[PDB]
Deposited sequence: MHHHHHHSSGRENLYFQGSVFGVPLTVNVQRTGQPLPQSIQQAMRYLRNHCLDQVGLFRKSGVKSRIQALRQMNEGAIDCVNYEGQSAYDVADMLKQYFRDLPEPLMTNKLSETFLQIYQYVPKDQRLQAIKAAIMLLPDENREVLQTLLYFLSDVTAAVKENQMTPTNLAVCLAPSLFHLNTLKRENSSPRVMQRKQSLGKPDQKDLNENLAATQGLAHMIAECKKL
């Protein structure tokens, strides 16, 4: 049975109410499919998928049964759908404050302490967000492991994923600075 808006736009806490976990299984299966079968696809997360196929995948995800079979799907549609998932969250995965906190980190904290200040900032995120960010970072880390094939460095992933994870105000210098800080901070994070 089809319930539009049952996944995209739903808060992490409600997902836990419904299924036991902050990400729906249908969403976790998208990551598994990318990780299992799509890591040789050049420019994963960067190259655009096809809107109509991205829309069909959203719709399969918003079926009442929390299970989607992704086989046969282009990696780029799945990757883009994943980005839309985080984009449509009612509050960014990172929360709204962290783009600013990452900026302060790059404004004040010294090179060799930044990772440490980034981990400190992250430990302040809600539980759900912390679980999801952990699962995502290990996933993105696997992607970057296959860099010789897909050409996605921590920096290449970061630049493509920050807006959706942080909800950056994308088309003020401070806003652009937050964008750059969030990207840099995210790249650092993926790199470990």
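**Student:** Which regions of the deposited sequence are unaccounted for in the modelled residues, listed N- to C-terminal?
**Tutor:** Sequence ranges with no C-alpha atoms are 1-13, 185-203, 225-228.
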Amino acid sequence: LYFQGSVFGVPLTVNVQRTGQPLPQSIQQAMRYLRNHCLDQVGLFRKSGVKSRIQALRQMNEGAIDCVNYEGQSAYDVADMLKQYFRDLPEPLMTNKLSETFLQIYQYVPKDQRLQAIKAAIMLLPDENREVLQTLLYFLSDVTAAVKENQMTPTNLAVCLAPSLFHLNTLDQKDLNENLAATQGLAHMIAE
From here on, numbers count along this sequence of modelled residues.
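**Student:** Higher average CA B factor in the deposited record is what I'm after, so tell me if that's 86-94 or 111-119.
**Tutor:** Taking the mean B-factor of the alpha carbons in each, 111-119 is higher.
**Student:** Can you tell me whether 145-153 has a higher mean C-alpha B factor than 23-31 in this record, or the other way round?
**Tutor:** In the deposited entry, the stretch with the higher C-alpha B-factor mean is 145-153.
**Student:** Sort the modelled residues of this chain by their C-alpha B factor and say whether residue 64 lands in the lowest, middle or highest third.
**Tutor:** It belongs to the middle third of the chain when residues are ordered by C-alpha B-factor.
**Student:** Where does the C-alpha B-factor of residue 8 rank in its chain, lowest, middle or highest third?
**Tutor:** Lowest third, going by the recorded CA B-factors of the chain.
**Student:** Sorting the chain's CA B-factors, does residue 168 end up in the lowest, middle or highest third?
**Tutor:** For residue 168, the deposited C-alpha B-factor lands in the highest third.
**Student:** Going by the recorded CA B-factors, say which third of the chain residue 138 sits in, lowest, middle or highest.
**Tutor:** Answer is middle: the recorded C-alpha B-factor places it there.
**Student:** Select lowest, middle or highest to describe the third in which the CA B-factor of residue 129 falls within its chain in this entry.
**Tutor:** Lowest third of the chain for residue 129's C-alpha B-factor.
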